[PDB]
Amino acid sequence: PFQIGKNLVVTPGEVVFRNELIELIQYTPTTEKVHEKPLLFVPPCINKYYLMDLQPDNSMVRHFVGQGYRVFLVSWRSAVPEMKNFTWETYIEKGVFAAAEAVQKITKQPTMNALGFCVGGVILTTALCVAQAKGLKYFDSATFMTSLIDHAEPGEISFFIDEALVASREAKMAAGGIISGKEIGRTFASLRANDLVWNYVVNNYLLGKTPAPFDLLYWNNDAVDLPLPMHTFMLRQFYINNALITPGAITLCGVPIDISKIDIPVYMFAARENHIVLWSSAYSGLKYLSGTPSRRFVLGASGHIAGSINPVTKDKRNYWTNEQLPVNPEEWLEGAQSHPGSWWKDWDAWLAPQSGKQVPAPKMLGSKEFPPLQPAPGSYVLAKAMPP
């Protein structure tokens, strides 16, 4: 079968910092010299983090650490009665900023290139806004994988969101409970399963029969839990009210949030054959990044799981790129240039000049201040959902 410790997530690394919410993983360098500026990974909290580190073939973590990047990662902890009152402000505070400060203290570097996936892109961009409000110089690059900045025009998720349940949870906002992985599966995992199966059958109609990706389904079936305040806040303020398009309509961590302020070069990727959330909704966000000096958009060939994770060592499908950014997405698609092989290479190039010069890889994991606690994958990833 699939054991997390043994045949998955085998990318060597150590837990160099642990929180009451997260577990930072510094991956063991596999190159002689790495890029000086580190690379932080912000995986989603809907499911578990290891979609980027499945098998050494399709392990994006092992790949990018194999290219020469100081790869760090945020491992989210499944919900627990200890975390019943956690909110979005805590996932920004004790989540993103904690790991960022930890990387700054380990690598002794000021800036870092960041990457957000699914919901980790929303947490990432909110952390970028609070990072531009308080003068916190943490990131010099940003990247968003299949994440929605504009949540108006959402996906099929709206068909499975209960307004009365969100309101009833707003009635008991204080001392909130814990959202079971079953419901989050009804809203996310099941639909990604439908799109993965459908797109797999389609790819078996176009090309010859390809081996079925059981690792993807195993990542999708391994569900975690989430606190009630943060999840209810997500369903209320994003997938319903959509407070990201209205500057100042939302306020967390004592800060109002406007997207135009972000002045960090942004790279955005969005799967094309993504039926659960069409790529037009993801492309409908770059027009709100007016303050960003640089912007990039890349169309991914397959679905959410299959297209989000395409290994370079395989180079299975293509991707579309062009610098133009019109208001209509079809105008972007017409003047788009197609490139074979997986899209990661492109982002690799997009990170080459930003990562600065090269520096010999640190032959010591962690630091004198942060001792390696336990080897990767760690403990939080091995958590099991709470029984009924």
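Counting begins at 1, following the sequence as shown.
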On mean C-alpha B-factor from the PDB entry, just flag whether 217 to 225 or 132 to 140 is the higher one. 132 to 140
Could you check the entry and say whether 161 to 169 or 75 to 83 has the higher mean CA B-factor? 161 to 169
Hey, out of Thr187, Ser294, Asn194, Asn310, whose CA B-factor is highest in the deposited coordinates? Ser294
Looking at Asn58, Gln26, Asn47, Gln358, which has the highest CA B-factor as recorded? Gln358
Give the position of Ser302 by CA B-factor within its chain, expressed as the lowest, middle or highest third. lowest
Third of the chain's Cα B-factor distribution that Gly95 belongs to, per the entry: lowest
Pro265: CA B-factor among chain residues, third -> middle
If you rank the chain by CA B-factor, which third does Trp88 end up in: lowest, middle or highest? middle
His275's Cα B-factor: lowest, middle or highest third of the chain? lowest
